[PDB]
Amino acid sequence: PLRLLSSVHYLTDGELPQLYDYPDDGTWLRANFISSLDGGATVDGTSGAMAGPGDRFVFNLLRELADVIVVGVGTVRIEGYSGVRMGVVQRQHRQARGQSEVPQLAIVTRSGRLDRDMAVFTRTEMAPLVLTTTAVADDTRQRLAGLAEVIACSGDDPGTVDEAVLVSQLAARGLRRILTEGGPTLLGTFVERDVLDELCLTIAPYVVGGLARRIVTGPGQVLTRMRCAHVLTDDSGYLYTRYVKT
C-alpha cells in the first residue's frame, strides 16, 4: 500500500504557480504556514528562522497569487507585518491575471483594538482591511479613519467574527482568492468554523523542542480530513505541501 515519493520534476517558474492556482471561481481560503518536524510553528517567537529560501519563494508566490492576505492582529504585531511587497514581475503576473498590483492585507480582530501607529498601516502601498465585529466596527472605523477599511464580519453574533462571513466579506469585495498566514489563533478559528479550504504547509527539516506552540492554537478539537494535493521539496529537505479539504 506504500509508495515511495521522490523528485520527478523540476518546477519551472510557470508551473509552480499552476500548482498553487486558486479555483477559477468561488471564494478560496488558503492557509500558508511553516512547521518544524515536531510541530513547532515558531523558533524564537516567530516562524522566520525556519523559512529558508525555498519557503520564502513559495510564501511570496502564495502572496503573489492571493487577492488578499488575511492575518490575525497578533501575527501582525509579532511578525512585524508591513505592507505586502510585490516586485515588478510579481505585479506584472498579478495584472496578467486581472488582479491589482499588490494584494491587500486584512487584519482580523474581535477586539478592534488596533493602534493608528502600526507598520501594517505605515509601510504599506495599499491600505489594509480590518476584519472585525459588528459591535466594534464603527468605533474601529473612526479610530482608524484614513488608515484602513474597517469591515464588520459578524454573522448572528455582533460581538464575534463569523469566519464564514469574514470570507464572504472579502469575496464581496472581489477578494475571493484568500490567503491567510495566520496566526495559530486565527487559523484555529478558520479550522473550527470549517472555512479553511486549503493548507499550504511548509515542513522545515528541523526539530525545535517543546517550547514552540503549533501552527494552530485554541481550544478547538476537530478532525478535518484533508487531501494531499502535492508535496514539493528542494535540496534542503523542506517539504512544501498543499492539502485541500476534504
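One-based numbering along the sequence shown. Each form is matched to the other, and the largest set of C-alpha atoms that superpose within 1.5 Å is called the rigid core.
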item: Between 182-190 and 49-57, the one whose CA atoms sit farther away in 6 other deposited structures of this protein (rigid core aligned); value: 49-57
item: Higher C-alpha RMS shift from the shown form in 6 other deposited structures of this protein - 169-177 or 114-122, rigid core fit; value: 114-122
item: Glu79 dropped in a third or more of the other entries; value: yes
item: Segment of higher mean CA temperature factor, 186-194 or 28-36; value: 186-194
item: Between 227-235 and 6-14 (mean CA B-factor, as deposited), the higher; value: 6-14
item: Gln169, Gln104, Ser82, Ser154, ranked by C-alpha B-factor: the highest one; value: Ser82
item: CA B-factor placement of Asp67, once the chain's modelled residues are sorted into thirds; value: lowest
item: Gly209 - which third its CA temperature factor falls in, relative to the rest of the chain; value: middle
item: Modelled-residue ranking by C-alpha temperature factor, third containing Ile78; value: highest
item: Third of the chain, ranked by Cα B-factor, where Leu129 sits; value: lowest
item: Position of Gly52 among the chain's modelled residues by C-alpha B-factor, lowest, middle or highest third; value: lowest
